[PDB]
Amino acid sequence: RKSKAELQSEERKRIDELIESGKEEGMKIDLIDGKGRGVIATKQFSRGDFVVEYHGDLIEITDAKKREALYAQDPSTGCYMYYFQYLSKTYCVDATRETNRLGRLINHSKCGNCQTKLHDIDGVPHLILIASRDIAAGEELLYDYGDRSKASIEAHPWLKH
């Protein structure tokens, strides 16, 4: 039929379009016991499928650390900052501000069903969540927040699992 190259190209274009449109289908917000709000799948996702972008304010590490030192003065702020490496620098998606975007509401597990990856579009990095296994309708979406800090775990013991 088509070559691997053609299939990969057409797949990447579909992902680019989902990122650009901000379409966030197949998900609903629910209250999750012990976790606050979370996001539930309303349809099946297959392993490797695009689930959602982790969408918010893209900023650089120095700016992020400054914002965070201010947030730390107000214990009510909550933790919505997602730091990552892109090429030879470090960036952050700061999703502290409440929006209708769902990525920022997804909770943590070390044995979840989503994996975050970098998807750049013409030199602009995007953090996207991909299904790491098939996901059933009704499942809570979960991924590994990746914070191994002793101090973080002491204050947020749910990070342990």
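The first residue of the shown sequence is 1; numbering continues from there.
**Q** Compare the mean C-alpha B-factor of 66 to 74 with that of 26 to 34 as given in the PDB entry, and name the stretch with the higher value.
**A** The recorded data point to 66 to 74.
**Q** Using only the Cα atoms and their B-factors as the entry lists them, report which of 5 to 13 and 147 to 155 averages higher.
**A** For C-alpha atoms only, the mean B-factor is higher in 5 to 13.
**Q** Which of these has the highest Cα B-factor in the record: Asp94, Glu53, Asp120, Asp134?
**A** Across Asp94, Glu53, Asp120, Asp134, the entry lists the biggest C-alpha B-factor for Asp120.
**Q** Quick check on the deposited entry: does the C-alpha B-factor of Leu105 sit in the lowest, middle or highest third of its chain?
**A** Bottom third by C-alpha B-factor.
**Q** What third of its chain, lowest, middle or highest, does the C-alpha temperature factor of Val39 fall into?
**A** Answer is lowest: the recorded C-alpha B-factor places it there.
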